[PDB]
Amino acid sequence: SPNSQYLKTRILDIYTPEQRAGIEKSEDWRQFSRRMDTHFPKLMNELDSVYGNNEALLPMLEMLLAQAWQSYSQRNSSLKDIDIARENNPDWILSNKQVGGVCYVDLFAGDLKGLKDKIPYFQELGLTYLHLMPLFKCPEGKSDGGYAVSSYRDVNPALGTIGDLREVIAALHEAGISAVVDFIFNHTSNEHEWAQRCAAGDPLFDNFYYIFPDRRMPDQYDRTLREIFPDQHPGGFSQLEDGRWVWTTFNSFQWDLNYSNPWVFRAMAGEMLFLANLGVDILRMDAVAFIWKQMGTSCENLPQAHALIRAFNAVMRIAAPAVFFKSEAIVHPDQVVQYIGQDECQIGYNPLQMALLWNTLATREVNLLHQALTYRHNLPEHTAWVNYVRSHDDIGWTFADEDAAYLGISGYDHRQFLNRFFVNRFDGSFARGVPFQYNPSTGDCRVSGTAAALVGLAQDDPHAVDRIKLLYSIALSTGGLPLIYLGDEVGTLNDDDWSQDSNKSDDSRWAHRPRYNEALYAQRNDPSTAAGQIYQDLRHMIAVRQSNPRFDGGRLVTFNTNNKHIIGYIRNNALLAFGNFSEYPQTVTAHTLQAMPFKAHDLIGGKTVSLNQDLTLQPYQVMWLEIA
């Protein structure tokens, strides 16, 4: 294997002697050279574990590094300052000051210029992080909400131009808001040039995807492949018009990229640099679990997948230190955590917590949630969870069967219950969700619907508003970077048109992808409306979180409340949080509280509370007691 010094000398070989001398003394080169020495060993090691003695590895590597230098050289000075800042503050992601939001540019603000006009609102809300959904060119009609990319460089014309995106990102930074976008690296649309040329037989794009002559191998692979959208097609393959079959983990119009080919990594790494230089702060690593395939395995979470992401991580450490990764791994808890590491994905969605928040609202029992916060919350140094209540996707019950077994709970039976409850097919349910991907051959099913629709706000359940505050209070205080599904802060309901839109009717996820509700946002300052109540509540908690140091970091210690309906935890040994998931008053006995100070101030309600006597919480009430 070649070393950093060797490769760097060859990188400089493109310059004339006179030029070279100049570069070798430049500041940019000094920084690039230093990072090369520090991080290249990791990049080489990761790529070697995956590609081994592949003849294309060395050539691809040198091509990628030359590209990395040009990219870093061209990188804007202001971005380089951020590189230096984060390179020296790896825990910026763990700060209590961070609070994020996510929205579709078209649905929330019309277009990019329109989104720029919303920035003042984002500041009003207190956001320091904004994830904008898929912005680039995609097939018209059906594109999986933009996740079927036809071009990584050309902005969706309906949203604006690449120039508009640059301005948006610049304006976000001016507003103290990091920009977060998707890095859809597991697949492209079947209309992407690479796909067309690969399928057409262009030798330059040979093996850029997985294409088979017939069902022989597809049938063998399908013996162990999980179905993500069984509604769209069985197994993981789709048939071409010419009869061949291509790997399509998701929709038929989304073709899985072939990372067993070194040139594919190089291609995507080039796309990462492009995004990096636009000023992106965090890249949402879409479908990280699926980037490596191996006959006989589930083709998820394989070793090479992790190795590749660590390789990608190394490239940013070298050519754009400010760019961090957000892992999207909605899988088994044991698998979810493996993507999180300073050298892999510094942060990642925490589906376990999100899933259990909803579970607890249904069962009124915090057992599973307590278990999770107790044994699966804390993370390695320099990494953090992205805690959320809802997302652009359905809700999957990804808790661990093994964990549930410890508590005497049957995973399969429990999910059947949860599914029925949230789609209003259970007596007394307050939820008004919609089914998503019911798989007849497995019994699995997910749930679609907005936070408000799932808590009963559609029918005006008097407990709806409090349930929302409760769910969000936990994502906001357990430790990690909280993410607000923009629209939830005013109690936005489901979209009542998607079911009849032929481009959406077969994807119930559009039920919880409503447009900006002008009427609800116009009520956010009125305490008599649900929108105002929800808004002022969330805004208050956001304010408290960002200003109070007791919330800093991502570590927590659970507290036994001795009440199966009340969750309890302590942050920094100074903030004691209680959450009542029962629609009835619930009590934490004075006996249970004997070790606590006699009185404590509650940041939620603002009152001083007595802990030397039974503490009775109102239905769905949450308390943030300062115990130190």
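For every residue, the number given is its place in the sequence shown, counted from 1.
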{"query": "Average Cα temperature factor in the PDB entry - higher stretch of 63-71, 24-32", "finding": "24-32"}
{"query": "Between the two ranges 136-144 and 472-480, the one averaging a larger CA B factor in the entry", "finding": "136-144"}
{"query": "Most elevated Cα B-factor in the entry, residues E167, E271, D507, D403", "finding": "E167"}
{"query": "From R420, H187, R524, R266, residue of greatest CA B-factor", "finding": "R524"}
{"query": "Entry-reported Cα temperature factor of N378, expressed as the chain third it lands in", "finding": "middle"}
{"query": "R446 CA temperature factor, ranked by third within the chain", "finding": "lowest"}
{"query": "Entry-reported Cα temperature factor of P597, expressed as the chain third it lands in", "finding": "highest"}
{"query": "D286 CA temperature factor, ranked by third within the chain", "finding": "lowest"}
{"query": "Third of the chain's Cα B-factor distribution that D413 belongs to, per the entry", "finding": "middle"}
